[PDB]
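# Tertiary structure, described
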Amino acid sequence: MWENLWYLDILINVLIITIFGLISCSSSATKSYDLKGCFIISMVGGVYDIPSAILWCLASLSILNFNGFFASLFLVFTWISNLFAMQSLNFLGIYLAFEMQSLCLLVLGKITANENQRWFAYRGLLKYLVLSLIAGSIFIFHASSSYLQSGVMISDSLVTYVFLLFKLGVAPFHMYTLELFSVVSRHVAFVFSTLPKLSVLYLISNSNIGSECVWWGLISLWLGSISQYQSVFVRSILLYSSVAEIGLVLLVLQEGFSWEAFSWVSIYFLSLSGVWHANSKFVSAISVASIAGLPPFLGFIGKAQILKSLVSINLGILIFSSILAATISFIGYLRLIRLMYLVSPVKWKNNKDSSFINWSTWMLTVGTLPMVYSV
Amino acid sequence: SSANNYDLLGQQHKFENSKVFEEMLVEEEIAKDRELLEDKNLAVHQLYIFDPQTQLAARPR
Amino acid sequence: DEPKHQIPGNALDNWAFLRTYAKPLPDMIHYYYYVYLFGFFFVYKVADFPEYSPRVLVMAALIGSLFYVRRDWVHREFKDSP
Amino acid sequence: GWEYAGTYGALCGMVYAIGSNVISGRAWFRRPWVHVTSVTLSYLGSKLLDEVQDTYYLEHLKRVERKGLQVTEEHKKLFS
Amino acid sequence: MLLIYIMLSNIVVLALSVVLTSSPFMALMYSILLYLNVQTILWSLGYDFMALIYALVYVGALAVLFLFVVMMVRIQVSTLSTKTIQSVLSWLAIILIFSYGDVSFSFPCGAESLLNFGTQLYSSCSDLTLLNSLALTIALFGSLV
Amino acid sequence: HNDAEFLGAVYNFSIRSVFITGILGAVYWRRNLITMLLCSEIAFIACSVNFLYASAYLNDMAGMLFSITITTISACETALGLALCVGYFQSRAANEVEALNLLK
Amino acid sequence: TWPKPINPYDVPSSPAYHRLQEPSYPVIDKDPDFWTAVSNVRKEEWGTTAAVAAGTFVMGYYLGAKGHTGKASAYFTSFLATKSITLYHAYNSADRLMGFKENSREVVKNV
Amino acid sequence: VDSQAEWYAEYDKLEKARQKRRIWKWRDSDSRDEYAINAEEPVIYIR
Amino acid sequence: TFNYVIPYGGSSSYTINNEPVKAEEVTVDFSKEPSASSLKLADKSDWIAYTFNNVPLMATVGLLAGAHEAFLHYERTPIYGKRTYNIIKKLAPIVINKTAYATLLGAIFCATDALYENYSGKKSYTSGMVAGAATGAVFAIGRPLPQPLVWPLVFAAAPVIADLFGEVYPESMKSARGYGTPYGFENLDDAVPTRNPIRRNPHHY
Ligand SMILES: CCCCCCCCCCCCCCCCCC(=O)OC[C@H](COP(=O)([O-])OCC(O)COP(=O)([O-])OC[C@@H](COC(=O)CCCCCCCCCCCCCCCCC)OC(=O)CCCCCCCCCCCCCCCCC)OC(=O)CCCCCCCCCCCCCCCCC
Ligand SMILES: CCCCCCCCCCCCCCCCCC(=O)OC[C@H](COP(=O)([O-])OCC(O)COP(=O)([O-])OC[C@@H](COC(=O)CCCCCCCCCCCCCCCCC)OC(=O)CCCCCCCCCCCCCCCCC)OC(=O)CCCCCCCCCCCCCCCCC
Ligand SMILES: CCCCCCCCCCCCCCCCCC(=O)OC[C@H](COP(=O)([O-])OCC(O)COP(=O)([O-])OC[C@@H](COC(=O)CCCCCCCCCCCCCCCCC)OC(=O)CCCCCCCCCCCCCCCCC)OC(=O)CCCCCCCCCCCCCCCCC
Ligand SMILES: CCCCCCCCCCCCCCCCCC(=O)OC[C@H](COP(=O)([O-])OCC(O)COP(=O)([O-])OC[C@@H](COC(=O)CCCCCCCCCCCCCCCCC)OC(=O)CCCCCCCCCCCCCCCCC)OC(=O)CCCCCCCCCCCCCCCCC
Ligand SMILES: CCCCCCCCCCCCCCCCCC(=O)O[C@@H](COC(=O)CCCCCCCCCCCCCCC)COP(=O)(O)OCC[N+](C)(C)C
Ligand SMILES: CCCCCCCCCCCCCCCCCC(=O)O[C@@H](COC(=O)CCCCCCCCCCCCCCC)COP(=O)(O)OCC[N+](C)(C)C
Ligand SMILES: CCCCCCCCCCCCCCCCCC(=O)O[C@@H](COC(=O)CCCCCCCCCCCCCCC)COP(=O)(O)OCC[N+](C)(C)C
Ligand SMILES: CCCCCCCCCCCCCCCCCCCC(=O)O[C@H](COC(=O)CCCCCCCCCCCCCC)COP(=O)(O)OCCN
């Protein structure tokens, strides 16, 4: 019964915080900082390893910039779903966790839209829903065939590999991100383009979900780079950068380089924090430099990990493609710098809520030299 | 017309300047929680409808 | 006044060419739905494909890139006609 | 591990304070309390990161020795 | 045996009727009949509680939500009939292509016990039921706002 | 010669046809969103029935559990999606004509 | 074959999660209760509990005062964190009694 | 200023760093599923 | 060297050789050997057989490209309006012509490659360059002036890239290990492994 207590404490924590927030709901505290701190404390009871501590760190940094009890509660729900995705041992765990996370995404997207933004945000949420239904239905049908044929539910199969390709957002499965994250709140796009990936990477590494095929990561890299270079809108540029990088990280993870992808996801979270929560041009400039992989900042270390892992596996086509696609993506990042300082006078909203933005920029500048051992 | 327009202008400026400090600070908080309450998906908005001039609960929703 | 690039073509003819892009726009979910479905089934079938030489794979990629038509190209040139 | 971690951390705390002032439009000397706090926390954090790195270095050494990597006493000295 | 075959065969016609009809209200009726036929299929496999669950959750509750939405969003979809012969046979050919030559296994009969099912749901697989309850709570909180 | 083998093949054919009709039916026959979600429910029911069938075949409880999980998750997804559909239809502008039928 | 008889009232059941490990250390108690585990919590662990309680009281007051509810937030946060850390310590002490974790002090103190 | 000592100390530092890196590059899979490759690792599963 | 007086780098004696020493005591391989199907498809002995084995890739790619274009057309046609013309009569030529022309280009490429290798008798870069040149020439039969030059060059360059990074690159760096002692330098005192690291199992997807 003692082993069950570890999981049960997290429930009891979440429930009592929920009922306390429901009772203590007032206009005097619309920004419920106290429940945010309570949620952060409660999520410490789920840390058991380094990857779980990274999950906690990103979850807390995300919950800081959500406003209200309700959105923070659904971020806690996303954290629970992610924690169970890491611990899933067969098909049922994978399914339960990931469509719980999909439900949390739908709710978070719906509740952060204004009345004037409903026409496009609800359309994007609906399109995401239907595509996710396609993915889940195919997954569970093939899972039924596999469970019939083998008599057991084993998470080392092609079915879960393709389902996790959909979850990662690689090669033919990246369009839901483009449609949904273009029309949703910037924080929602930021937290759901970084945090979900860590659980999928952990599941792939631990449960041996790797394929010999390199087509999908190659397609992700080339398509992401070329579409980023051809995209006029800034949101599409940032969204396609993730497709390219996650294709490259998928190629690295299949070969067993778990440590490097676990560092890359964290450095990418920190790098994307500043450009998505754009309040200052200089912070966004450093963030864009970090995403490009540029040397003075921590983003150079994260990209260097992946590239260094590539030369070890000694696949020439991947390296050649990596160089050319990296140049193509660099052109789009340079477009982003040009738009801020070299096109026209720029005036932005004075949204002085840089909770972890200054800390993230400081970490990007500073952290390069301490982490140099990694590469 | 200039004379009359500046009469109305003077009435407005006199109204703004003549408020006491405690009222000014209270009005600053009114503006602030007006900005915080702009999001209509907040849990409290489901609870109540707030008076526009002073963001106090006027009637339940 | 400054030296400027010569723009080929007449102003109204170029504007008429550009106005052929103003056509009823389908929503992208219809393309995305089919691509997702056939892509899932395609990834399932790929694991059963025979191993091809790298040279043939690269030539197939080149042919596919050359044969790919941008969605805007069909948009401008589409005619609801036999 | 690194023998210059604490000095680096103090300098980087200065980096935090001055950068935060500059981004907000203030001068580098403004909000003096932020400087002391940033320096102290950054120094402590840099130290702690160094011990964490050393500890996982040693854990990896134990694992590889169990697996069969014939590390010598000098190689065992490389990992503090 | 003839009854089992008739139900297994009727499921495909009741699925085809849903997509073919142009009225959203009629498709819901066909789906309700499909759900009842799915209950009836589950009876041949030896499940009573599970087949009850399909009827209670889907026919009893989900269809009511669907029809509530359908009346609210009522739209004129009697625009035209596009069910040309050429389209319907193309759909049937696609269906035949997808559903052919797959691995088939002998029809089982397995008696279930809700005693064993309850014991496992609340002792050994208790992690599953609480996460399903959390998912229901997520749906409740999200839909009500 | 064996009724069970014949019934097994018929069941496989039928369940696969139901799945493919659910997933591709509403998009092939261009329909509104409400029909798309109903066909998605049909496909999920097909998969859950396959899992119950496998449970009967192997005398195992895993498929029973996965099927109740499918029922719960599908119902929650449909509720949220119907919420989004109703909200989408309430924000339609007068000029918009078939808002629900994006597949047109 | 024949159905095995089932006794409805005694049907074999087990908790959901299991620790797959044979006890390395001596087993003081095979199945400790909650109170047995709490009685075996070390003094240092209790001091850690008290320190967390005080720190979370101060932090809860600080955060709640920004929302004009300092006292209630402070008490709720204190109770929350104290409960969580006390359960963590009780789980560790129960593992020590079961022999999974080091138990030399425990075996000396309660023979 | 003993240039010989400085040169040899610097070279020794670099050579030690290389040895440490090559030890650090010796990595088997840490996957929880992979009990064969890690058979000797001391682990407990709570599942 | 880092000095202006004597040449940089070094030289190795050609007379002196160093006995090979194993990177580890016991070698465990997670890289699977080529399948018999791969060797069958790679076999260029019979040019007709080689062509017929490798064309399904080209036909597949042409079919996807034609399906993409045909769906772009189909998506646009209005369902609400009844159309006098037959849509499939419009759409089938697209897919069929794309697939046929792709298959023809791939057939020229594979046939010329196998024929050149048989006649030359050696596996070389030149076979791929000549097959690509012929394929690009067929691509630009009636095309305007830059294209007679550019397509033979691009189609010839593609097999060069495939050979350089698909065959030469892997074979050049087989020996390099990354663990234990550097492949050239075993005299140096580095930790020597009993077994090579297995970062992943042999794949099976
Ligand atoms: C202070 C001492 C710390 C030193 C050692 C730490 C261990 C002791 C933990 C003590 C706690 C200190 C926390 C520090 C680390 C946290 C780890 C941890 O906690 O668990 C690990 C620890 C044992 O796991 P392990 O040591 O990792 O070994 C297991 C295996 O080796 C499997 O694990 P593995 O993954 O490590 O396997 C080895 C791995 C080797 O992996 C490594 O080498 C690790 C490298 C170090 C990375 C450090 C960064 C990680 C970021 C996380 C930040 C920590 C957040 C703290 C969260 C917990 C707070 C307590 O090899 C791999 O290939 C796997 C890949 C690993 C990931 C790749 C690393 C990249 C990280 C990302 C870096 C990217 C840069 C970002 C920017 C940085 C720029 C400077 O578990 C515990 O000891 C118990 C955890 C209990 C936590 C909380 C429970 C107490 C409170 C309960 C009640 C709570 C409610 C009341 C609240 C009260 C307050 C109000
Ligand atoms: C009924 C449903 C209809 C679909 C039917 C098929 C259904 C799918 C079934 C299975 C799907 C999985 C496999 C399909 C391919 C994966 C792509 C995908 O699914 O992403 C979702 C994609 C939609 O995603 P999206 O985000 O909405 O669209 C992003 C674009 O911005 C879209 O916006 P955009 O169209 O307006 O802009 C297009 C843009 C987008 O950019 C791309 O297309 C990137 C493609 C680059 C190559 C991709 C990686 C290739 C690696 C292949 C790996 C296998 C071989 C391994 C070895 C190869 C080594 C390289 O590219 C262009 O601007 C046009 C040029 C296209 C190629 C550019 C490279 C040219 C190089 C040639 C140089 C020669 C010129 C020399 C002379 C120059 C004079 C100065 O759906 C599709 O496009 C599927 C259509 C299937 C047709 C593909 C035909 C051949 C496929 C195999 C050949 C591989 C080459 C790729 C060709 C282009 C493919 C896009
Ligand atoms: C590097 C490689 C990388 C590897 C890993 C890296 C590691 C990663 C993690 C590392 C992270 C580092 C980067 C992040 C840094 C953290 C951010 C940060 O800097 O603070 C942000 C935060 C931003 O402040 P803000 O911009 O004004 O915005 C907040 C608003 O006011 C909002 O207003 P509010 O309503 O929220 O007000 C709440 C708050 C915010 O309120 C304020 O901040 C207003 C200012 C606080 C009062 C002024 C502080 C008085 C002492 C300051 C000493 C400055 C000396 C300079 C001039 C010399 C004067 C002789 O009030 C507090 O200060 C709470 C703390 C309570 C302490 C108050 C002072 C107690 C009396 C003094 C105690 C001891 C006195 C001994 C000597 C005193 C004379 C030297 O700064 C603080 O909150 C300051 C908290 C602490 C105050 C300083 C106390 C230091 C103790 C005196 C020095 C004694 C020596 C120190 C050692 C011994 C310690 C006892
Ligand atoms: C303990 C006792 C104390 C003793 C002191 C010891 C303390 C140690 C150091 C502490 C000193 C404080 C550090 C300065 C903090 C603020 C710096 C700043 O804001 O920059 C401009 C600032 C002056 O700008 P501003 O006129 O006041 O207006 C700025 C407005 O906010 C925005 O104006 P805007 O909107 O018009 O933007 C126009 C922008 C045009 O737009 C752009 O060009 C953007 C381009 C993206 C970044 C540039 C990429 C290339 C940067 C290369 C790095 C330069 C060093 C190269 C050496 C190679 C290193 C590998 O042009 C510029 O901003 C200046 C261009 C050149 C500056 C670029 C270098 C800045 C790097 C990042 C700064 C650190 C921020 C940390 C954040 C802290 C938390 C928020 O500082 C300078 O006067 C020159 C920059 C000084 C560079 C030192 C910073 C260290 C970075 C090196 C990285 C090495 C790792 C870090 C280790 C550091 C030692 C531990
Ligand atoms: C070895 C370290 C390197 C590895 C890095 C990863 C490890 C991270 C370690 C350091 C983490 C530091 C994180 C810094 C976050 C910055 C603090 C912050 O965000 O404060 C917010 C907090 O905002 C909130 O929402 C408050 C609610 C939560 C309050 C904090 C909760 C504390 C919970 C207890 C956590 C204790 C840990 C539990 C036990 C481990 C306040 O900012 P705002 O008021 O929202 O806007 C700022 C406006 N402007 C700057 C422009 C003036
Ligand atoms: C994020 C995770 C999501 C999924 C979580 C799955 C993990 C949780 C699974 C467990 C759910 C809660 C079930 C209770 C957990 C602890 C077990 C327990 O306390 O019950 C005792 C039952 O025994 C007791 O300890 C009685 C005292 C119980 C007091 C209450 C403790 C449990 C409270 C549960 C919380 C529910 C309260 C309402 C929720 C707010 C164990 O049974 P036995 O000891 O074998 O039977 C007793 C016979 N004998 C002692 C002689 C061996
Ligand atoms: C120096 C040790 C003793 C310190 C005395 C405090 C001990 C009291 C028990 C703990 C209570 C909480 C500790 C205070 C921390 C934050 C409280 C706070 O937020 O301060 C103000 C407002 O917030 C601030 O001003 C920021 C203060 C930040 C902390 C500055 C004090 C630093 C020392 C206090 C904590 C030291 C440790 C406490 C004991 C461990 C609260 O505003 P009100 O809710 O209106 O209550 C005031 C009551 N009345 C107006 C009616 C008179
Ligand atoms: C990125 C490299 C791509 C090449 C770019 C060249 C310019 C593109 C123009 C397109 C022309 C088609 C490509 C031809 C390049 C090959 C060079 C020709 C040399 C040559 O014919 O010798 C062959 C070997 O060289 C070879 O085929 C292998 C040589 C590798 C090419 C050179 C690599 C470095 C070039 C980088 C320049 C700067 C990069 C910017 C593009 C024959 O050899 P054999 O074995 O068949 O003997 C014959 C027994 N029958």
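As recorded in the PDB header, cryo-EM is the method behind this entry, and the stated resolution is 3.11 Å.

## A word on the overall build of chain A
Scanning chain A for helices and strands turns up 16 helices and zero strands. Taking 21 Å as the expected radius of gyration for a compact globule of 375 residues, we find that chain A reaches 20 Å, a close match to that expectation. Here the C-alpha coordinates of chain A stretch approximately 60 × 55 × 45 Å along the principal axes. Buried positions account for 68% of the 375 residues belonging to chain A. Put simply, of all contacts in chain A between residues at least 6 apart along the chain, 77% involve residues at least 24 apart. Per element, the accessible surface of chain A, about 11600 Å² overall, is 68% carbon and sulfur. On chain A, the mean spot of the 18 positive side-chain charges and the mean spot of the 13 negative ones are 19 Å from each other.

## With respect to a negative patch on the surface
The grouping of D:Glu65, D:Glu73, D:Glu74 and I:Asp189 at the surface amounts to a negative patch. By secondary structure assignment, the location of D:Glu73 is in helix α3 (residues 73-78). Judged by its relative accessible area of 51%, D:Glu73 falls in the exposed class.

## A closer look at the site of ligand 6
Taken together, A:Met1, A:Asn4, A:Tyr7, A:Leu8, A:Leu11, A:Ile12, A:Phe84, E:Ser126, E:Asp127, E:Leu130, E:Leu131 and G:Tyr17 are the residues near ligand 6. More than a single chain frames ligand 6: its nearby residues are located in chains A, E and G. Of all the secondary structure elements, the ones that give two or more residues to the shell around ligand 6 are α1 (2-23) of chain A together with α6 (126-144) of chain E. Top element by residues in the shell around ligand 6 is α1(A). It accounts for five residues.

## So, the interface of chain G and chain A
The partner chain A presents 20 residues to the 30 residues of chain G that form the contact. Both sides of the chain G and chain A interface together cover about 2100 Å² of buried area, and 73% of this is carbon and sulfur. The interface formed by chain G and chain A contains one salt bridge. Notably, a salt bridge pairs G:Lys83 with A:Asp9, separated by 2.9 Å at the nearest N-O pair. Our enumeration of links across chain G and chain A arrives at six residue pairs in polar contact. Elements with a minimum of two residues in the side of chain G that touches chain A: α1 (34-39), α2 (43-65) and α3 (70-98) of chain G.

## Quick notes on the arrangement of the chains
Comparison of the 19 pairs of chains in contact shows the highest number of contacts for chains E and F. A gap remains between chain D and chain F, which never touch, and the nearest two C-alpha atoms on either side lie 37 Å apart. As for chain G relative to chain B, no contact occurs, and the smallest C-alpha gap between them is 12 Å.

## Points about the pattern of salt bridges
Within this structure, the stated rule accounts for 31 salt bridges over all chains. Here H:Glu41 makes a salt bridge to D:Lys67, at a shortest N to O gap of 2.9 Å. Highlighted residues: H:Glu41 in the loop between α1 (3-24) and β1 (45-46) and D:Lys67 in helix α2 (residues 32-67), drawn from two different chains. We note that H:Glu41, like D:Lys67, is buried. With its nearest N and O atoms 3.8 Å apart, the salt bridge here joins I:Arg177 to I:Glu186. For I:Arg177, a relative accessible area of 19% corresponds to the buried category. The class of I:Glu186 is partly exposed, set by a relative accessible area of 27%.

## Some details on the site of ligand 1
Around ligand 1, 27 residues are found, and the nearest of them are A:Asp49, A:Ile50, A:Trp259, D:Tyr56 and D:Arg63. Chains contributing residues to the immediate surroundings of ligand 1 are chains A, D, G and H. Here an oxygen atom of ligand 1 and a side-chain polar atom of A:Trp259 are 3.2 Å apart. Out of a free accessible area of 1900 Å², ligand 1 has 67% covered by protein chains. Those elements that provide at least two residues to the shell around ligand 1 are α3 (50-65) and α12 (258-276) of chain A, α2 of chain D together with α3 of chain G. Counting residues per element, the shell around ligand 1 draws most heavily on α3(A), at six residues.

## Regarding helix α6 (residues 118-150) of chain A
All names here are of chain A. An ideal rise of 1.5 Å per residue puts 48 Å on 33 residues; α6 measures up with 46 Å between its terminal C-alpha atoms. Burial of α6 is extensive: 27 of the 33 residues sit out of reach of the surface. At the C-terminal side of α6, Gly151 shows a positive phi close to 80°.

## So, the interface of chain E and chain F
Chain E puts 63 residues into the contact, and the matching count from chain F is 62 residues. For the chain E and chain F pair, buried surface summed over both sides reaches about 6100 Å², with 78% attributable to carbon and sulfur atoms. Contact with chain F buries area across many residues of chain E, yet E:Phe66, E:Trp91 and E:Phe98 alone supply 11% of it, more than any other trio. In this structure, the connection of chain E to chain F is made through one salt bridge. Counting across the chain E and chain F interface gives 18 residue pairs in polar contact. Secondary structure elements with two or more residues in the side of chain E that touches chain F: α1 (2-20), α2 (24-44), α3 (49-72), α4 (85-98), α5 (114-124) and α6 of chain E. Sort the elements by how many residues they give to the side of chain E that touches chain F and α1(E) lands first, with 10 residues. Looking at the side of chain E that touches chain F residue by residue, the class counts come to 46 nonpolar, 15 polar and two charged.

## Brief notes about the pairing of strand β2 (residues 57-60) of chain B
Residues and elements named next belong to chain B. As judged from the three bridges shared by strand β1 (residues 48-50) and β2, these two strands associate in the antiparallel manner. The residue bridging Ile49 from the neighbouring strand is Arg59, located in β2. Following β1, the chain reverses through six residues before pairing antiparallel with β2.

## Remarks on the packing of α1(A) against helix α4 (residues 69-87) of chain A
Residue and element names in this part refer to chain A. Taken N-terminus to C-terminus, the directions of α1 and α4 make an angle of 170°; their axes are 11 Å apart at the nearest point. Regarding the angle of α1 to α4, the classification is roughly antiparallel. Taken together, the residues of α4 that come into contact with α1 (itself represented by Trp6, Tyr7, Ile10, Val14, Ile17, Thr18 and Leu22) are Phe69, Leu73, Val76, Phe77, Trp79, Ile80, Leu83, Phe84 and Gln87. Residues that form the contact of α1 with α4 fall into these classes: 14 nonpolar, two polar and no charged.

## Digging into the environment of A:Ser137
Tracing the backbone through its elements, the reader meets A:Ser137 in helix α6. For A:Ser137, a relative accessible area of 1% puts it in the buried group. Not counting residues within four places of it along the chain, the set of residues in contact with A:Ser137 comprises F:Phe19, F:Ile23, F:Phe44 and F:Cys47.

## Notes on the environment of E:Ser17
Residue and element names in this part refer to chain E. Within the fold, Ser17 resides in helix α1. Residue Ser17 is classed as buried on the basis of its relative accessible area of 15%. Residues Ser17 and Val103, spaced 86 residues apart in sequence, show a C-alpha to C-alpha distance of 26 Å.

## As for α5(E)
Those residues of α5(E) not exposed but buried are E:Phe117, E:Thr119, E:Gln120, E:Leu121 and E:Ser123. Where α5(E) is buried, its residues touch α3 and α6 of chain E together with α3 (62-90) of chain F.

## Brief notes about the nonpolar core
Formed by 254 residues in total, the largest nonpolar core has its most connected members in A:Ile80, A:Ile140, A:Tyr161, C:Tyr36 and F:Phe19. In terms of residue count, α6(A) provides more of this core than any other element does, 19 residues in total. Setting aside its immediate chain neighbours within four residues, F:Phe19 contacts A:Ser137, A:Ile138, A:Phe141, E:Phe98, F:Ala43, F:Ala46 and F:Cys47. Formed by 23 residues, the second largest nonpolar core is a distinct cluster that contains C:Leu62, I:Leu57, I:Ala114 and I:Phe139.

## With respect to the side chain of I:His73
Residue placement: I:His73 occurs in helix α2 (residues 47-76). Classification of I:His73 by relative accessible area gives buried; the value is 13%. Not counting residues within four places of it along the chain, the set of residues in contact with I:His73 comprises C:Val74, C:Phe78, I:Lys90, I:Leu91 and I:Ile94.

## Some thoughts on the packing of α6(A) against helix α2 (residues 29-46) of chain C
Viewed as axis vectors pointing N to C, α6(A) and α2(C) meet at an angle of 20°, and their least axial separation amounts to 10 Å. Taken together, the axes of α6(A) and α2(C) are roughly parallel relative to one another. At the point where α6(A) passes α2(C), the crossing takes the right-handed sense. Residues A:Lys127, A:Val130, A:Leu131, A:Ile134, A:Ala135, A:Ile138 and A:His142 of α6(A) lie in contact with α2(C), whose contacting residues are C:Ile29, C:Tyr32, C:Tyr33, C:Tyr36, C:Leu37, C:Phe40, C:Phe41 and C:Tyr44. Taken together, the residues of the contact of α6(A) with α2(C) break down into 13 nonpolar, one polar and one charged.

What counts, and where the lines are drawn
Residues numbered from 1 in each chain as written, not as in the entry; some residues may be left out. Chains lettered and ligands numbered in written order. Part of a larger assembly, values for the part shown. Heavy atoms only, no water. Helix = DSSP H or I, 4+ residues; strand = E, 2+ residues; numbered from the N terminus. Rg over C-alpha atoms; globule rule 2.2 N^0.38 Å. Buried < 20%, exposed > 50% of the residue type's maximum accessible area, 1.4 Å probe, protein only. Contact = heavy atoms within 4.5 Å. Areas by Shrake-Rupley, 256 points an atom, 1.4 Å probe, with all protein chains shown as cover. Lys, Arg positive; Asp, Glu negative; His and termini not counted. Charge placed at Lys NZ, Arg CZ, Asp CG, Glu CD. Patch = residues over 30% accessible without salt bridge, like charges linked within 9 Å, V, L, I, M, F, W, Y side chains within 5 Å. Salt bridge = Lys/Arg side-chain N within 4 Å of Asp/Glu carboxyl O. Near = heavy atom within 4 Å. Buried area = accessible area lost by both parts, 1.4 Å probe. Polar contact = N/O pair within 3.5 Å; in protein donor to acceptor, adjacent residues only side chain to side chain. Expected span 1.5 Å × (residues − 1). Nonpolar A, V, L, I, M, F, W, Y, C, P; charged D, E, K, R; others polar. Pairing = 2+ DSSP bridges. Axes fitted to C-alpha atoms, helices over the stretch in contact; angles between N-to-C directions. Parallel < 35°, antiparallel > 145°, perpendicular 65-115°, else oblique. Core = buried A, V, L, I, M, F, W, Y, C linked by side-chain atoms within 4.5 Å. Left-handed = near helix turned anticlockwise from the far one by under 90°.

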